[PDB]
Amino acid sequence: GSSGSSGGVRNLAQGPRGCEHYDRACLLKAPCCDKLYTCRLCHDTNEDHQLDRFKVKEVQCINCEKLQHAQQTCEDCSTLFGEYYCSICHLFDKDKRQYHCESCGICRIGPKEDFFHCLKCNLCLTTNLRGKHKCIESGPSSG
Ligand SMILES: [Zn+2]
Ligand SMILES: [Zn+2]
Ligand SMILES: [Zn+2]
Ligand SMILES: [Zn+2]
Ligand SMILES: [Zn+2]
Ligand SMILES: [Zn+2]
C-alpha cells in the first residue's frame, strides 16, 4: 500500500557534426578496429589504442549517412565536410586560420603571417621566435 516514483535521469553529449577538436561533417573509418569516430583524436579518446590519420582514406557522411572516399564535399547532399580539406593528412576542418606545412607534411594553425618554418631545425615556429630559437648545437662547456 505505497506508491513510489520513477528515477534514474540521463544526459546527452556532443560528438559528430564537428567536435571540440575539428569541425567536420564526416567520420573517418578506423582500419584498426573497423570503427568510426568524429576525428582521429576522438578514436583514441574512446579507445585504448591510437588510430592513424594517414592510413585511413575512406570517410562517411553524417548528413545523409552516405558512404564515400576521401573528399571535401558529399556526393549525395554536397555537404561541405570542411572549408579546408587535406589529402596528405586526410583531415577536414572548418576555416580556423590553419595552414598545411609542406616541409613537415602536417596541418598547422596560423595565421601563417604570424608564423614560419625553419629549415636547419626542420619544424614550424612562430614569428615571435624568429632568431631567438637555436638550430645547430655547439659548445664544449656544459651546464
Ligand atoms: Zn581503432
Ligand atoms: Zn574529435
Ligand atoms: Zn552526405
Ligand atoms: Zn595536412
Ligand atoms: Zn613545418
Ligand atoms: Zn632554426
# chains A, B, ... in the order shown; residues from 1 in each chain; ligands from 1

$ residues_near_ligand --ligand "ligand 4" --cutoff "12 Å" --atoms "only C-alpha atoms and all ligand atoms" --output "compact mmCIF listing (two decimals) with N, CA and C atoms, in the first residue's frame"
# COMPACT_ATOMS: atom_id res chain seq x y z
N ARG A 53 46.16 8.71 -38.91
CA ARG A 53 45.47 9.77 -39.63
C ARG A 53 45.86 9.77 -41.11
N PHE A 54 46.88 8.99 -41.44
CA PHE A 54 47.36 8.90 -42.82
C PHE A 54 46.87 7.62 -43.48
N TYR A 84 38.47 23.54 -45.39
CA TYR A 84 39.80 23.07 -45.74
C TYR A 84 39.87 21.55 -45.71
N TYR A 85 40.31 20.96 -46.81
CA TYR A 85 40.42 19.51 -46.92
C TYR A 85 41.83 19.10 -47.32
N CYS A 86 42.49 18.35 -46.44
CA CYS A 86 43.85 17.88 -46.70
C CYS A 86 43.84 16.49 -47.31
N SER A 87 44.77 16.24 -48.23
CA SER A 87 44.87 14.95 -48.89
C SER A 87 45.95 14.09 -48.25
N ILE A 88 47.02 14.74 -47.78
CA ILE A 88 48.12 14.03 -47.14
C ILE A 88 47.72 13.53 -45.76
N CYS A 89 47.24 14.44 -44.92
CA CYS A 89 46.82 14.09 -43.57
C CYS A 89 45.39 13.55 -43.56
N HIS A 90 44.67 13.79 -44.66
CA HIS A 90 43.29 13.33 -44.78
C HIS A 90 42.43 13.88 -43.65
N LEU A 91 42.60 15.17 -43.36
CA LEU A 91 41.83 15.82 -42.30
C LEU A 91 40.91 16.89 -42.88
N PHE A 92 39.75 17.07 -42.24
CA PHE A 92 38.78 18.06 -42.68
C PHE A 92 38.34 18.95 -41.52
N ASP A 93 38.76 20.20 -41.55
CA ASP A 93 38.41 21.16 -40.51
C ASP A 93 37.93 22.47 -41.11
N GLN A 98 44.07 28.01 -40.38
CA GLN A 98 45.07 26.96 -40.31
C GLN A 98 45.69 26.71 -41.69
N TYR A 99 46.98 26.36 -41.69
CA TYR A 99 47.69 26.10 -42.94
C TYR A 99 48.48 24.80 -42.85
N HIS A 100 48.60 24.11 -43.98
CA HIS A 100 49.33 22.85 -44.04
C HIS A 100 50.78 23.08 -44.46
N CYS A 101 51.71 22.65 -43.61
CA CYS A 101 53.13 22.82 -43.89
C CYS A 101 53.64 21.67 -44.77
N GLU A 102 54.34 22.03 -45.84
CA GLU A 102 54.89 21.03 -46.76
C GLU A 102 56.15 20.40 -46.19
N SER A 103 57.00 21.23 -45.59
CA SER A 103 58.25 20.76 -45.00
C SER A 103 57.99 19.69 -43.95
N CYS A 104 56.88 19.84 -43.23
CA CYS A 104 56.51 18.89 -42.19
C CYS A 104 55.48 17.89 -42.70
N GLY A 105 54.71 18.31 -43.70
CA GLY A 105 53.69 17.44 -44.27
C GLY A 105 52.51 17.26 -43.34
N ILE A 106 52.35 18.18 -42.40
CA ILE A 106 51.25 18.11 -41.44
C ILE A 106 50.50 19.43 -41.37
N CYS A 107 49.24 19.37 -40.94
CA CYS A 107 48.42 20.57 -40.83
C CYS A 107 48.78 21.36 -39.58
N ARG A 108 48.81 22.69 -39.71
CA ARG A 108 49.14 23.56 -38.59
C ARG A 108 48.18 24.75 -38.52
N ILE A 109 48.16 25.41 -37.37
CA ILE A 109 47.29 26.57 -37.18
C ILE A 109 48.06 27.87 -37.32

$ select_by_dssp --residues "stretch 9-113 of chain A" --states "strand (DSSP E or B)" --output "ChimeraX atom specification"
/A:26-30,35-37,59-61,67-68,73,80,84-85,92-93,98-101,106-109

$ residues_around --residues "stretch 26-36 of chain A" --least-positions-apart "4" --cutoff "10 Å" --atoms "only C-alpha atoms" --output "JSON, numbers by chain"
{"A": [16, 17, 18, 40, 42, 43, 47, 49, 50, 51, 52, 53, 55, 56, 57, 58, 59, 60, 61, 62, 63, 64, 65, 66, 67, 68, 69, 70, 71, 72, 73, 74, 79, 80, 81, 82, 90, 91, 92]}

$ write_last_selection --atoms "N, CA and C atoms" --output "compact mmCIF listing (two decimals), in the first residue's frame"
# COMPACT_ATOMS: atom_id res chain seq x y z
N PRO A 16 29.58 14.05 -33.22
CA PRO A 16 29.65 14.36 -34.66
C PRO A 16 29.24 15.80 -34.96
N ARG A 17 29.14 16.12 -36.25
CA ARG A 17 28.77 17.46 -36.67
C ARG A 17 29.80 18.49 -36.21
N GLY A 18 31.03 18.03 -36.02
CA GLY A 18 32.09 18.92 -35.58
C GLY A 18 32.31 18.86 -34.08
N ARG A 40 40.23 11.74 -35.60
CA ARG A 40 41.26 10.79 -35.17
C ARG A 40 41.49 10.87 -33.67
N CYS A 42 39.28 11.65 -31.42
CA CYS A 42 38.14 11.04 -30.74
C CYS A 42 38.35 9.54 -30.56
N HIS A 43 38.78 8.87 -31.63
CA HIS A 43 39.02 7.43 -31.58
C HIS A 43 39.80 7.05 -30.32
N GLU A 47 38.97 4.90 -27.07
CA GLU A 47 39.63 3.63 -27.33
C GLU A 47 40.93 3.52 -26.53
N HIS A 49 43.64 2.09 -27.88
CA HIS A 49 44.72 2.18 -28.86
C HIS A 49 44.60 3.47 -29.68
N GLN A 50 45.70 3.87 -30.30
CA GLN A 50 45.72 5.09 -31.11
C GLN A 50 45.50 4.76 -32.58
N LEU A 51 44.70 5.58 -33.25
CA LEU A 51 44.41 5.38 -34.67
C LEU A 51 45.28 6.28 -35.53
N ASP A 52 45.53 5.85 -36.77
CA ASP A 52 46.35 6.62 -37.70
C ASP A 52 45.51 7.66 -38.43
N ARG A 53 46.16 8.71 -38.91
CA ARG A 53 45.47 9.77 -39.63
C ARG A 53 45.86 9.77 -41.11
N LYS A 55 46.93 6.52 -42.74
CA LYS A 55 46.50 5.22 -43.25
C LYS A 55 45.07 5.30 -43.78
N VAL A 56 44.13 5.58 -42.89
CA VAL A 56 42.72 5.69 -43.27
C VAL A 56 42.54 6.69 -44.41
N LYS A 57 41.71 6.32 -45.38
CA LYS A 57 41.44 7.18 -46.53
C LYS A 57 39.94 7.36 -46.73
N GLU A 58 39.18 6.29 -46.52
CA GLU A 58 37.74 6.33 -46.68
C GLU A 58 37.09 7.19 -45.60
N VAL A 59 35.89 7.69 -45.88
CA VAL A 59 35.17 8.52 -44.93
C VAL A 59 33.66 8.37 -45.10
N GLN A 60 32.92 8.62 -44.03
CA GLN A 60 31.46 8.51 -44.06
C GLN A 60 30.81 9.86 -43.74
N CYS A 61 29.67 10.12 -44.38
CA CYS A 61 28.95 11.37 -44.17
C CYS A 61 28.03 11.26 -42.96
N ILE A 62 27.81 12.40 -42.30
CA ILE A 62 26.95 12.43 -41.12
C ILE A 62 25.62 13.11 -41.43
N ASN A 63 25.54 13.74 -42.60
CA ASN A 63 24.32 14.42 -43.02
C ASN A 63 23.34 13.44 -43.65
N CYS A 64 23.83 12.62 -44.56
CA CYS A 64 23.00 11.63 -45.24
C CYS A 64 23.55 10.22 -45.04
N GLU A 65 24.38 10.06 -44.02
CA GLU A 65 24.98 8.76 -43.72
C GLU A 65 25.30 8.00 -45.01
N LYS A 66 25.86 8.71 -45.98
CA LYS A 66 26.21 8.10 -47.26
C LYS A 66 27.69 7.73 -47.30
N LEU A 67 27.99 6.58 -47.89
CA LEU A 67 29.36 6.10 -48.00
C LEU A 67 30.11 6.83 -49.11
N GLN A 68 31.42 7.00 -48.93
CA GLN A 68 32.25 7.68 -49.92
C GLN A 68 33.72 7.59 -49.54
N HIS A 69 34.58 8.16 -50.39
CA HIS A 69 36.01 8.14 -50.15
C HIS A 69 36.51 9.52 -49.74
N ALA A 70 37.83 9.65 -49.59
CA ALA A 70 38.43 10.92 -49.21
C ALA A 70 37.99 12.05 -50.14
N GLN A 71 37.31 13.04 -49.59
CA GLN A 71 36.83 14.17 -50.37
C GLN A 71 36.56 15.38 -49.48
N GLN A 72 36.14 16.48 -50.09
CA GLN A 72 35.85 17.70 -49.35
C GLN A 72 34.34 17.90 -49.20
N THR A 73 33.59 17.39 -50.16
CA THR A 73 32.13 17.50 -50.14
C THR A 73 31.47 16.16 -50.42
N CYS A 74 30.23 16.01 -49.97
CA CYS A 74 29.48 14.78 -50.17
C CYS A 74 29.04 14.64 -51.63
N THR A 79 27.35 18.26 -48.88
CA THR A 79 27.59 18.98 -47.63
C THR A 79 29.08 19.19 -47.40
N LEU A 80 29.49 20.45 -47.31
CA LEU A 80 30.89 20.79 -47.09
C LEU A 80 31.42 20.12 -45.83
N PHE A 81 32.31 19.15 -46.01
CA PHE A 81 32.89 18.43 -44.88
C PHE A 81 33.98 19.26 -44.22
N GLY A 82 34.14 20.50 -44.67
CA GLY A 82 35.15 21.37 -44.11
C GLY A 82 35.77 22.28 -45.14
N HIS A 90 44.67 13.79 -44.66
CA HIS A 90 43.29 13.33 -44.78
C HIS A 90 42.43 13.88 -43.65
N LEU A 91 42.60 15.17 -43.36
CA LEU A 91 41.83 15.82 -42.30
C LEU A 91 40.91 16.89 -42.88
N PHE A 92 39.75 17.07 -42.24
CA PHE A 92 38.78 18.06 -42.68
C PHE A 92 38.34 18.95 -41.52

$ residues_near_ligand --ligand "ligand 2" --cutoff "6 Å" --atoms "only C-alpha atoms and all ligand atoms" --output "list in words"
residues 19, 21, 38, 39, 41 and 42 of chain A

$ decode --residues "stretch 76-99 of chain A" --atoms "N, CA, C and O atoms" --output "PDB file, in the first residue's frame"
ATOM      1  N   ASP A  76      26.062  13.062 -52.286  1.00  0.00           N
ATOM      2  CA  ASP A  76      24.623  12.844 -52.197  1.00  0.00           C
ATOM      3  C   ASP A  76      23.915  14.094 -51.682  1.00  0.00           C
ATOM      4  O   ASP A  76      22.809  14.417 -52.115  1.00  0.00           O
ATOM      5  N   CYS A  77      24.560  14.791 -50.751  1.00  0.00           N
ATOM      6  CA  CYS A  77      23.992  16.004 -50.174  1.00  0.00           C
ATOM      7  C   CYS A  77      24.880  17.210 -50.464  1.00  0.00           C
ATOM      8  O   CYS A  77      24.480  18.354 -50.248  1.00  0.00           O
ATOM      9  N   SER A  78      26.086  16.947 -50.955  1.00  0.00           N
ATOM     10  CA  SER A  78      27.032  18.010 -51.271  1.00  0.00           C
ATOM     11  C   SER A  78      27.295  18.886 -50.049  1.00  0.00           C
ATOM     12  O   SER A  78      27.448  20.102 -50.162  1.00  0.00           O
ATOM     13  N   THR A  79      27.347  18.256 -48.879  1.00  0.00           N
ATOM     14  CA  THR A  79      27.589  18.976 -47.635  1.00  0.00           C
ATOM     15  C   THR A  79      29.082  19.188 -47.405  1.00  0.00           C
ATOM     16  O   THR A  79      29.848  18.229 -47.312  1.00  0.00           O
ATOM     17  N   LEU A  80      29.487  20.449 -47.313  1.00  0.00           N
ATOM     18  CA  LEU A  80      30.889  20.788 -47.092  1.00  0.00           C
ATOM     19  C   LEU A  80      31.418  20.118 -45.828  1.00  0.00           C
ATOM     20  O   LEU A  80      31.033  20.475 -44.714  1.00  0.00           O
ATOM     21  N   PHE A  81      32.306  19.146 -46.009  1.00  0.00           N
ATOM     22  CA  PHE A  81      32.891  18.425 -44.884  1.00  0.00           C
ATOM     23  C   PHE A  81      33.982  19.256 -44.215  1.00  0.00           C
ATOM     24  O   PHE A  81      34.669  18.784 -43.309  1.00  0.00           O
ATOM     25  N   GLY A  82      34.137  20.496 -44.669  1.00  0.00           N
ATOM     26  CA  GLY A  82      35.146  21.372 -44.105  1.00  0.00           C
ATOM     27  C   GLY A  82      35.770  22.283 -45.144  1.00  0.00           C
ATOM     28  O   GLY A  82      36.268  21.817 -46.168  1.00  0.00           O
ATOM     29  N   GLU A  83      35.740  23.585 -44.880  1.00  0.00           N
ATOM     30  CA  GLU A  83      36.305  24.563 -45.803  1.00  0.00           C
ATOM     31  C   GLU A  83      37.678  24.117 -46.296  1.00  0.00           C
ATOM     32  O   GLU A  83      38.015  24.289 -47.468  1.00  0.00           O
ATOM     33  N   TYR A  84      38.465  23.542 -45.395  1.00  0.00           N
ATOM     34  CA  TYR A  84      39.803  23.072 -45.736  1.00  0.00           C
ATOM     35  C   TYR A  84      39.870  21.549 -45.708  1.00  0.00           C
ATOM     36  O   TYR A  84      39.532  20.920 -44.704  1.00  0.00           O
ATOM     37  N   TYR A  85      40.309  20.961 -46.815  1.00  0.00           N
ATOM     38  CA  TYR A  85      40.419  19.511 -46.919  1.00  0.00           C
ATOM     39  C   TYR A  85      41.834  19.100 -47.316  1.00  0.00           C
ATOM     40  O   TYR A  85      42.319  19.455 -48.390  1.00  0.00           O
ATOM     41  N   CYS A  86      42.491  18.346 -46.440  1.00  0.00           N
ATOM     42  CA  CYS A  86      43.849  17.884 -46.696  1.00  0.00           C
ATOM     43  C   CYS A  86      43.843  16.486 -47.308  1.00  0.00           C
ATOM     44  O   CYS A  86      43.013  15.647 -46.956  1.00  0.00           O
ATOM     45  N   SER A  87      44.772  16.244 -48.227  1.00  0.00           N
ATOM     46  CA  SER A  87      44.871  14.950 -48.891  1.00  0.00           C
ATOM     47  C   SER A  87      45.953  14.089 -48.245  1.00  0.00           C
ATOM     48  O   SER A  87      45.824  12.866 -48.170  1.00  0.00           O
ATOM     49  N   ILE A  88      47.016  14.735 -47.781  1.00  0.00           N
ATOM     50  CA  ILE A  88      48.118  14.030 -47.140  1.00  0.00           C
ATOM     51  C   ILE A  88      47.719  13.526 -45.757  1.00  0.00           C
ATOM     52  O   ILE A  88      47.845  12.339 -45.457  1.00  0.00           O
ATOM     53  N   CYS A  89      47.236  14.437 -44.919  1.00  0.00           N
ATOM     54  CA  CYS A  89      46.816  14.087 -43.568  1.00  0.00           C
ATOM     55  C   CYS A  89      45.387  13.553 -43.563  1.00  0.00           C
ATOM     56  O   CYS A  89      44.942  12.942 -42.590  1.00  0.00           O
ATOM     57  N   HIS A  90      44.670  13.787 -44.658  1.00  0.00           N
ATOM     58  CA  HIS A  90      43.290  13.330 -44.781  1.00  0.00           C
ATOM     59  C   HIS A  90      42.430  13.884 -43.650  1.00  0.00           C
ATOM     60  O   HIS A  90      41.637  13.160 -43.047  1.00  0.00           O
ATOM     61  N   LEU A  91      42.595  15.171 -43.364  1.00  0.00           N
ATOM     62  CA  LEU A  91      41.834  15.822 -42.304  1.00  0.00           C
ATOM     63  C   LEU A  91      40.907  16.890 -42.876  1.00  0.00           C
ATOM     64  O   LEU A  91      41.230  17.538 -43.871  1.00  0.00           O
ATOM     65  N   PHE A  92      39.755  17.068 -42.238  1.00  0.00           N
ATOM     66  CA  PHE A  92      38.780  18.059 -42.682  1.00  0.00           C
ATOM     67  C   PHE A  92      38.339  18.946 -41.523  1.00  0.00           C
ATOM     68  O   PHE A  92      37.630  18.500 -40.620  1.00  0.00           O
ATOM     69  N   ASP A  93      38.764  20.204 -41.554  1.00  0.00           N
ATOM     70  CA  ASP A  93      38.413  21.156 -40.506  1.00  0.00           C
ATOM     71  C   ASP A  93      37.927  22.471 -41.108  1.00  0.00           C
ATOM     72  O   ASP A  93      38.424  22.915 -42.142  1.00  0.00           O
ATOM     73  N   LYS A  94      36.949  23.089 -40.453  1.00  0.00           N
ATOM     74  CA  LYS A  94      36.394  24.354 -40.922  1.00  0.00           C
ATOM     75  C   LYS A  94      37.479  25.422 -41.016  1.00  0.00           C
ATOM     76  O   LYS A  94      38.641  25.170 -40.699  1.00  0.00           O
ATOM     77  N   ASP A  95      37.091  26.615 -41.456  1.00  0.00           N
ATOM     78  CA  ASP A  95      38.030  27.722 -41.591  1.00  0.00           C
ATOM     79  C   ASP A  95      38.494  28.211 -40.221  1.00  0.00           C
ATOM     80  O   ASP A  95      37.848  29.056 -39.601  1.00  0.00           O
ATOM     81  N   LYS A  96      39.616  27.673 -39.756  1.00  0.00           N
ATOM     82  CA  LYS A  96      40.168  28.054 -38.461  1.00  0.00           C
ATOM     83  C   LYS A  96      41.579  28.613 -38.614  1.00  0.00           C
ATOM     84  O   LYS A  96      42.492  28.224 -37.885  1.00  0.00           O
ATOM     85  N   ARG A  97      41.750  29.526 -39.563  1.00  0.00           N
ATOM     86  CA  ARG A  97      43.050  30.137 -39.810  1.00  0.00           C
ATOM     87  C   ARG A  97      44.171  29.115 -39.646  1.00  0.00           C
ATOM     88  O   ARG A  97      45.106  29.324 -38.874  1.00  0.00           O
ATOM     89  N   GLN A  98      44.069  28.010 -40.378  1.00  0.00           N
ATOM     90  CA  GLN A  98      45.074  26.956 -40.314  1.00  0.00           C
ATOM     91  C   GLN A  98      45.694  26.709 -41.685  1.00  0.00           C
ATOM     92  O   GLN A  98      45.023  26.830 -42.711  1.00  0.00           O
ATOM     93  N   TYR A  99      46.975  26.361 -41.695  1.00  0.00           N
ATOM     94  CA  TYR A  99      47.687  26.100 -42.941  1.00  0.00           C
ATOM     95  C   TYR A  99      48.477  24.798 -42.854  1.00  0.00           C
ATOM     96  O   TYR A  99      48.970  24.427 -41.787  1.00  0.00           O
TER      97      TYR A  99
END
